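Numbering (the authors' numbering), first residue to last: 1 to 188. A short write-up of the structure that comes next.
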């Protein structure tokens with residue numbers, strides 16, 4: 001074929017029922033995630049090729065950056081609750097990996113403040129039980145597929161993207177191949 005199991009994707013030996021249709025996992029400590037977000041814009045170019053009717057989900061994971069990782073998972077939950085993902089994603093990445101200015105929950109908070117979410121509103125979200133369940137969701141979905149590495153994408157809880165098995169000479173071509181694969185798997 002042109003799309004082979006084990007080549008552009010792999011299949012989960014035990015499939016995950018009820019899964020979000022397109023499910024992406026990342027960490028702000030994850031270097032490829034940084035590339036995936038800042039240079040490649042994977043999520044974005046995937047959305048542009050997806051069928052209509054497709055919802056896209058993105059979750060943070062705990063297994064990188066220890067105690068700050070868990071904090072970042074709770075903060076990503078706040079972003080999701082407030083719908084401010086597109087306003088904090090880049091400064092979180094650059095604060096963890098470029099400038100090294102995020103070293104505590106308080107430093108994470110500053111990024112939201114400086115992106116214009118109000119202190120009161122952030123702290124309230126931070127502490128809210130809506131946010132607790134969103135954190136639980138992020139952890140559950142990762143658990144369901146036994147996640148051990150990021151970046152990682154899952155389609156319909158059955159298929160897992162395999163970027164190692166695509167051409168990387170040309171970034172633009174990599175992205176197209178990646179997204180087209182998502183679309184193919186989506187139609188499966």
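Ideal placement from N, C-alpha and C gives every residue a C-beta, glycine not left out.
Worksheet item: In chain order, which alpha helix (DSSP H) runs of at least 4 residues are fully inside the segment 46-127?
Response: Taking only runs of at least 4 residues, the alpha helix (DSSP H) segments lying wholly in the segment 46-127 are 66-82, 85-93, 105-114 and 119-127.
Item to complete: Could you please give me the residues that DSSP links to residue 166 through a beta bridge?
Response: Its beta-bridge partners do not exist; DSSP assigns none.
Discussion item. Suppose the cutoff is 8 Å on Cβ atoms and the five residues either side in sequence are ignored; what does the same chain contact list for residue 80 look like?
Written reply: 134
Worksheet item: Hey, residue 167 and residue 173: beta-carbon distance below 8 Å or not?
Response: yes
Discussion item. If you reduce the DSSP assignment to three classes, tell me which class residue 135 lands in.
Written reply: helix
Worksheet entry | For residue 122 and residue 35, the rounded distance between their alpha carbons | 28 Å
Fill in: Short Cβ contact (8 Å threshold) for residue 9 with residue 141
no
Item to complete: State yes or no: is the C-beta of residue 138 within less than 8 Å of the C-beta of residue 73?
Response: yes
Fill in: For residue 109 and residue 71, the rounded distance between their alpha carbons
Spanning the two alpha carbons is a distance of roughly 10 Å.
Practice prompt. For residue 170, count neighbouring C-beta atoms within 10 Å of its own C-beta (all shown protein chains included) and say buried if the count is 16 or more, exposed if not.
Written response: exposed
Worksheet item: Counting Cβ pairs, one atom from each stretch, are 3 or more of them under 8 Å apart for the segment 153-168 and the segment 11-23?
Response: Contact holds: three or more Cβ-Cβ distances are below 8 Å.
Discussion item. I need the boundaries of the alpha helix (DSSP H) containing residue 182, first residue and last residue.
Written reply: Per DSSP, the continuous alpha helix (DSSP H) segment holding residue 182 begins and ends at 171-187.
Fill in: Delimiting residues of the alpha helix (DSSP H) encompassing residue 34
31-34
Worksheet item: When you compare only the Cα positions, how much space is there between residue 103 and residue 182?
Response: 35 Å
Item to complete: Mark residue 106 as exposed unless 16 or more other C-beta atoms lie within 10 angstroms of its C-beta, in which case mark it buried.
Response: exposed
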